[PDB]
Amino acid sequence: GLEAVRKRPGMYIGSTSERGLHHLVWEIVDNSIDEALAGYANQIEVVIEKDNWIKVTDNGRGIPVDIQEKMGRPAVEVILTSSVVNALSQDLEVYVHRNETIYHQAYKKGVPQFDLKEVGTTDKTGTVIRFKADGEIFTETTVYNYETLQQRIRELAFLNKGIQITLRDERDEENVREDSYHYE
């Protein structure tokens, strides 16, 4: 049902301009805040990578992977194929650390490029998400802005005392810059 979303993305997101670009980030970030609020996440990271991809990482429990009873498809796929961010992203990747394992799947405009598969072992838990906005949609600007992301990270941490939130800009490879907030 993400096919409508790439037709009238105005209800879902509101304006395809620069402010709609930065709202993708708060979508994913909301999820890690949930994991914090439930009592399992305490650490969260945001990076703007080269070519303006975006990476969010937390140490919560990891998205559920168990197979569902309606179609035999994993929980994590059923969930992402309903994601606004995923629909309006031209590429998107996910890594999950769960059951002592590292699972992985990868999309185009919300269409799964292959079945969830196992790619390693772990003794951690958590989720990683990387995505790259669909330019044919966000015509105007595909460049993120540090100050804007930075101000909002700072309010979120002050709103969630005890939780370490970090931002980093890796676009200028020779000059890497970082801020980390952790209110007692």
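Under this definition, the rigid core comprises the largest set of C-alpha atoms superposing within 1.5 Å between the forms. From 1 onward, residues are counted along the sequence shown.
If the other structures are each fit on the rigid core, which stretch ends up farther away in C-alpha terms in 8 other deposited structures of this protein, 68 to 76 or 96 to 104? After superposing on the rigid core, the more displaced stretch in 8 other deposited structures of this protein is 68 to 76.
After fitting on the rigid core, pick out whichever of 135 to 143 or 51 to 59 shows the bigger RMS C-alpha deviation in 8 other deposited structures of this protein. Stretch with the larger root mean square C-alpha distance in 8 other deposited structures of this protein: 135 to 143.
Regarding 38 to 46 and 62 to 70, which shows the higher C-alpha temperature factor on average in the entry? Taking the mean B-factor of the alpha carbons in each, 62 to 70 is higher.
Select between 131 to 139 and 47 to 55 the stretch whose C-alpha atoms have the higher average B-factor in the entry. Comparing 131 to 139 with 47 to 55, the higher mean C-alpha B-factor belongs to 131 to 139.
Third of the chain, ranked by Cα B-factor, where residue 175 sits: Answer is highest: the recorded C-alpha B-factor places it there.
Would you mind ranking residue 162 by its C-alpha B-factor against the rest of the chain and naming the third, lowest, middle or highest? It falls in the bottom third of the chain.
Lowest, middle or highest third: where is residue 104 by C-alpha B factor in its chain? Bottom third by C-alpha B-factor.
Using only modelled residues of the chain, where does the Cα B factor of residue 75 rank: lowest third, middle third or highest third? Residue 75: CA B-factor falls in the lowest third of its chain.
Within this chain's modelled residues, let me know which third the CA B factor of residue 86 belongs to: lowest, middle or highest. Its C-alpha B-factor belongs to the lowest third of this chain's values.
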